[PDB]
Amino acid sequence: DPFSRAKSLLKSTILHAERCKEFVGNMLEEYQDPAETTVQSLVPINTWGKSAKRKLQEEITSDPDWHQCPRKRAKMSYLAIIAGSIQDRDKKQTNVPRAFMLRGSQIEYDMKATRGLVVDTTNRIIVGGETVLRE
């Protein structure tokens, strides 16, 4: 199930800094990761990979301690999921989208966490309708 599968991954990364840092580094540099094939099943085939990796690298440069902050983890999780997604080899690479629909579904996934799978109201962080953090 794409929904439940996305929910599991994002909980593991948003709630755990060490796992999020590991996950992000593996997606950015393409090394083994337990969510490798999961990531590929969730994102439609796209041309966004290099853009996502640039974004990831800008963030690490500007704030090394990004993994300390839950809002940043959610954002970097979004970019990392795209960074490890299946790329269309025949098309020009293009800019990452701000949101996309999880593969084979109308489940929206938003980078700024306004809508869909991951929702951040500045009080809670809600993953798949389940509140996982509350300030």
# chains A, B, ... in the order shown; residues from 1 in each chain; ligands from 1
>>> select_by_dssp(residues="region 9-131 of chain A", states="strand (DSSP E)", output="number ranges by chain")
A: 99-101, 108-110, 118-121, 124-127, 130-131
>>> write_last_selection(atoms="N, CA, C and O atoms", output="PDB file, in the first residue's frame")
ATOM      1  N   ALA A  99       5.182  20.276  -4.807  1.00  0.00           N
ATOM      2  CA  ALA A  99       4.373  19.136  -4.383  1.00  0.00           C
ATOM      3  C   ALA A  99       4.266  18.132  -5.518  1.00  0.00           C
ATOM      4  O   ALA A  99       4.446  18.492  -6.678  1.00  0.00           O
ATOM      5  N   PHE A 100       3.985  16.874  -5.180  1.00  0.00           N
ATOM      6  CA  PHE A 100       3.637  15.878  -6.191  1.00  0.00           C
ATOM      7  C   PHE A 100       2.685  14.832  -5.626  1.00  0.00           C
ATOM      8  O   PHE A 100       2.494  14.741  -4.422  1.00  0.00           O
ATOM      9  N   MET A 101       2.085  14.056  -6.522  1.00  0.00           N
ATOM     10  CA  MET A 101       1.198  12.969  -6.140  1.00  0.00           C
ATOM     11  C   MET A 101       2.002  11.681  -6.054  1.00  0.00           C
ATOM     12  O   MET A 101       2.705  11.316  -6.999  1.00  0.00           O
ATOM     13  N   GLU A 108      -1.440  13.548  -2.197  1.00  0.00           N
ATOM     14  CA  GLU A 108      -0.543  14.678  -2.410  1.00  0.00           C
ATOM     15  C   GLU A 108       0.536  14.711  -1.341  1.00  0.00           C
ATOM     16  O   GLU A 108       0.277  14.427  -0.171  1.00  0.00           O
ATOM     17  N   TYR A 109       1.746  15.050  -1.774  1.00  0.00           N
ATOM     18  CA  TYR A 109       2.903  15.188  -0.897  1.00  0.00           C
ATOM     19  C   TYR A 109       3.551  16.554  -1.152  1.00  0.00           C
ATOM     20  O   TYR A 109       4.059  16.812  -2.240  1.00  0.00           O
ATOM     21  N   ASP A 110       3.515  17.409  -0.129  1.00  0.00           N
ATOM     22  CA  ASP A 110       3.846  18.833  -0.223  1.00  0.00           C
ATOM     23  C   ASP A 110       5.132  19.115   0.567  1.00  0.00           C
ATOM     24  O   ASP A 110       5.252  18.721   1.730  1.00  0.00           O
ATOM     25  N   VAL A 118       2.039  14.864   4.577  1.00  0.00           N
ATOM     26  CA  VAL A 118       2.713  15.477   5.711  1.00  0.00           C
ATOM     27  C   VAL A 118       2.180  16.891   5.855  1.00  0.00           C
ATOM     28  O   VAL A 118       2.265  17.688   4.922  1.00  0.00           O
ATOM     29  N   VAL A 119       1.610  17.180   7.021  1.00  0.00           N
ATOM     30  CA  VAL A 119       1.061  18.497   7.318  1.00  0.00           C
ATOM     31  C   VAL A 119       1.691  19.051   8.592  1.00  0.00           C
ATOM     32  O   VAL A 119       1.634  18.430   9.657  1.00  0.00           O
ATOM     33  N   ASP A 120       2.306  20.220   8.456  1.00  0.00           N
ATOM     34  CA  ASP A 120       2.903  20.935   9.566  1.00  0.00           C
ATOM     35  C   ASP A 120       2.088  22.196   9.788  1.00  0.00           C
ATOM     36  O   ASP A 120       2.206  23.168   9.038  1.00  0.00           O
ATOM     37  N   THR A 121       1.230  22.162  10.798  1.00  0.00           N
ATOM     38  CA  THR A 121       0.720  23.383  11.394  1.00  0.00           C
ATOM     39  C   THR A 121       1.800  23.735  12.415  1.00  0.00           C
ATOM     40  O   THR A 121       2.360  22.836  13.040  1.00  0.00           O
ATOM     41  N   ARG A 124       1.593  21.329  15.413  1.00  0.00           N
ATOM     42  CA  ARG A 124       1.759  19.881  15.221  1.00  0.00           C
ATOM     43  C   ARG A 124       2.481  19.536  13.925  1.00  0.00           C
ATOM     44  O   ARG A 124       2.584  20.358  13.010  1.00  0.00           O
ATOM     45  N   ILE A 125       2.958  18.297  13.854  1.00  0.00           N
ATOM     46  CA  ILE A 125       3.357  17.686  12.593  1.00  0.00           C
ATOM     47  C   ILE A 125       2.553  16.397  12.430  1.00  0.00           C
ATOM     48  O   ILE A 125       2.620  15.504  13.274  1.00  0.00           O
ATOM     49  N   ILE A 126       1.780  16.327  11.347  1.00  0.00           N
ATOM     50  CA  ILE A 126       0.831  15.240  11.116  1.00  0.00           C
ATOM     51  C   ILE A 126       1.240  14.449   9.873  1.00  0.00           C
ATOM     52  O   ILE A 126       1.333  15.001   8.768  1.00  0.00           O
ATOM     53  N   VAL A 127       1.497  13.157  10.065  1.00  0.00           N
ATOM     54  CA  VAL A 127       1.896  12.270   8.976  1.00  0.00           C
ATOM     55  C   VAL A 127       0.785  11.259   8.716  1.00  0.00           C
ATOM     56  O   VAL A 127       0.462  10.442   9.580  1.00  0.00           O
ATOM     57  N   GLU A 130      -2.045  11.087  11.199  1.00  0.00           N
ATOM     58  CA  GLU A 130      -1.630  10.731  12.556  1.00  0.00           C
ATOM     59  C   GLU A 130      -0.686  11.815  13.069  1.00  0.00           C
ATOM     60  O   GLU A 130       0.320  12.117  12.429  1.00  0.00           O
ATOM     61  N   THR A 131      -1.021  12.408  14.212  1.00  0.00           N
ATOM     62  CA  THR A 131      -0.164  13.406  14.843  1.00  0.00           C
ATOM     63  C   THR A 131       1.054  12.710  15.440  1.00  0.00           C
ATOM     64  O   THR A 131       0.918  11.850  16.306  1.00  0.00           O
TER      65      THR A 131
END
>>> closest_atom_pairs(of="region 77-119 of chain A", to="region 70-73 of chain A", cutoff="10 Å", atoms="only C-alpha atoms", output="CSV")
residue,atom,partner,partner_atom,distance
A:77,CA,A:73,CA,5.8
A:78,CA,A:73,CA,8.5
A:79,CA,A:73,CA,9.8
A:80,CA,A:73,CA,10.0
A:112,CA,A:71,CA,9.0
A:113,CA,A:71,CA,8.9
>>> write_last_selection(atoms="C-alpha atoms", output="CSV table (one decimal), in the first residue's frame")
chain,number,residue,atom,x,y,z
A,77,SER,CA,12.9,13.9,3.7
A,78,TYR,CA,10.8,15.3,0.8
A,79,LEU,CA,13.9,16.2,-1.2
A,80,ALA,CA,15.7,13.0,-0.4
A,112,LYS,CA,6.2,23.0,2.7
A,113,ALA,CA,3.8,20.6,4.5
>>> closest_residue(among="A:41, A:51, A:68, A:57", to="residue 19 (chain A)", atoms="only C-alpha atoms")
A:68
>>> select_by_dssp(residues="chain A", states="alpha helix (DSSP H)", output="ChimeraX atom specification")
/A:2-14,17-29,36-42,49-62,70-83
>>> closest_residue(among="A:38, A:32, A:132, A:89", to="residue 1 (chain A)", atoms="only C-alpha atoms")
A:38
>>> closest_residue(among="A:102, A:97, A:67, A:17", to="residue 43 (chain A)", atoms="only C-alpha atoms")
A:102
>>> residues_around(residues="residue 58 (chain A)", least_positions_apart="5", cutoff="12 Å", atoms="only C-alpha atoms", output="PyMOL selection string")
chain A and resi 28+51-53+63-64+66+76+79
>>> decode(residues="region 14-123 of chain A", atoms="C-alpha atoms", output="compact mmCIF listing (two decimals), in the first residue's frame")
# COMPACT_ATOMS: atom_id res chain seq x y z
CA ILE A 14 10.86 12.91 10.89
CA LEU A 15 10.92 11.42 14.44
CA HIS A 16 14.58 10.25 14.37
CA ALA A 17 17.50 12.58 13.54
CA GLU A 18 20.15 9.87 13.15
CA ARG A 19 17.95 7.93 10.71
CA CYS A 20 17.03 11.11 8.80
CA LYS A 21 20.68 12.11 8.44
CA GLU A 22 21.56 8.56 7.31
CA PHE A 23 18.64 8.46 4.87
CA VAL A 24 19.41 11.86 3.37
CA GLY A 25 23.13 11.05 2.89
CA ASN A 26 22.33 7.70 1.21
CA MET A 27 19.78 9.26 -1.19
CA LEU A 28 22.12 12.17 -2.03
CA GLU A 29 25.19 9.99 -2.72
CA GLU A 30 23.34 6.79 -3.87
CA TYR A 31 24.46 4.25 -1.29
CA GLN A 32 22.55 1.31 0.14
CA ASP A 33 19.57 2.23 2.29
CA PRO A 34 16.75 0.11 3.76
CA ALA A 35 14.14 2.41 2.06
CA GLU A 36 15.80 2.31 -1.42
CA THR A 37 13.15 0.38 -3.31
CA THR A 38 10.37 1.89 -1.17
CA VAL A 39 11.45 5.35 -2.35
CA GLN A 40 11.37 4.25 -5.98
CA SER A 41 7.87 2.75 -5.61
CA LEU A 42 6.49 6.06 -4.18
CA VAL A 43 7.62 8.70 -6.70
CA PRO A 44 6.47 8.77 -10.32
CA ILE A 45 9.28 8.53 -12.88
CA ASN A 46 10.63 12.06 -13.21
CA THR A 47 13.42 14.50 -14.22
CA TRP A 48 13.77 16.13 -10.79
CA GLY A 49 16.68 14.17 -9.29
CA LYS A 50 19.64 16.48 -9.83
CA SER A 51 17.59 19.51 -8.78
CA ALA A 52 16.62 17.72 -5.55
CA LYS A 53 20.27 16.85 -4.82
CA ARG A 54 21.34 20.48 -5.36
CA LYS A 55 18.62 21.61 -2.94
CA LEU A 56 19.80 19.01 -0.40
CA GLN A 57 23.40 20.18 -0.73
CA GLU A 58 22.45 23.89 -0.37
CA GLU A 59 20.72 23.04 2.91
CA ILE A 60 23.60 21.00 4.34
CA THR A 61 25.97 23.86 3.45
CA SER A 62 23.78 26.59 4.99
CA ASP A 63 22.82 24.58 8.11
CA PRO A 64 24.87 21.46 9.08
CA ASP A 65 22.64 20.92 12.15
CA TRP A 66 19.46 20.71 10.02
CA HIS A 67 18.78 17.24 11.48
CA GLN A 68 18.15 18.84 14.92
CA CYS A 69 14.90 20.49 13.77
CA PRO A 70 11.78 18.35 12.94
CA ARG A 71 10.48 20.86 10.33
CA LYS A 72 13.79 20.65 8.45
CA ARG A 73 13.78 16.81 8.59
CA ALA A 74 10.36 16.74 6.93
CA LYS A 75 11.59 19.10 4.19
CA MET A 76 14.87 17.21 3.64
CA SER A 77 12.94 13.91 3.69
CA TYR A 78 10.84 15.26 0.80
CA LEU A 79 13.92 16.25 -1.20
CA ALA A 80 15.70 12.96 -0.40
CA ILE A 81 12.75 10.83 -1.53
CA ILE A 82 12.92 12.68 -4.88
CA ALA A 83 16.75 12.43 -5.02
CA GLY A 84 16.51 8.60 -4.88
CA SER A 85 13.55 8.31 -7.29
CA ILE A 86 13.62 6.74 -10.74
CA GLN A 87 14.83 9.24 -13.34
CA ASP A 88 13.74 9.35 -17.00
CA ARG A 89 17.03 8.95 -18.85
CA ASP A 90 15.66 10.34 -22.16
CA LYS A 91 14.54 13.79 -20.98
CA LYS A 92 16.24 17.00 -19.86
CA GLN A 93 16.58 17.35 -16.09
CA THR A 94 14.20 19.97 -14.60
CA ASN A 95 13.51 21.77 -11.27
CA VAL A 96 11.94 19.92 -8.33
CA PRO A 97 8.22 20.48 -7.83
CA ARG A 98 6.88 22.00 -4.61
CA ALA A 99 4.37 19.14 -4.38
CA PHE A 100 3.64 15.88 -6.19
CA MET A 101 1.20 12.97 -6.14
CA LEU A 102 2.54 9.68 -4.78
CA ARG A 103 2.85 7.15 -7.61
CA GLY A 104 -0.40 5.41 -8.62
CA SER A 105 -2.56 7.53 -6.32
CA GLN A 106 -4.02 11.00 -5.73
CA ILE A 107 -2.20 11.26 -2.41
CA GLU A 108 -0.54 14.68 -2.41
CA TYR A 109 2.90 15.19 -0.90
CA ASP A 110 3.85 18.83 -0.22
CA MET A 111 7.38 20.09 0.56
CA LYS A 112 6.18 23.03 2.70
CA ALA A 113 3.81 20.63 4.49
CA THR A 114 0.64 22.68 3.93
CA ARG A 115 -1.41 19.80 2.53
CA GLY A 116 -1.65 16.03 2.09
CA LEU A 117 0.56 13.28 3.49
CA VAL A 118 2.71 15.48 5.71
CA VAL A 119 1.06 18.50 7.32
CA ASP A 120 2.90 20.93 9.57
CA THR A 121 0.72 23.38 11.39
CA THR A 122 3.23 25.40 13.47
CA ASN A 123 1.86 23.50 16.52
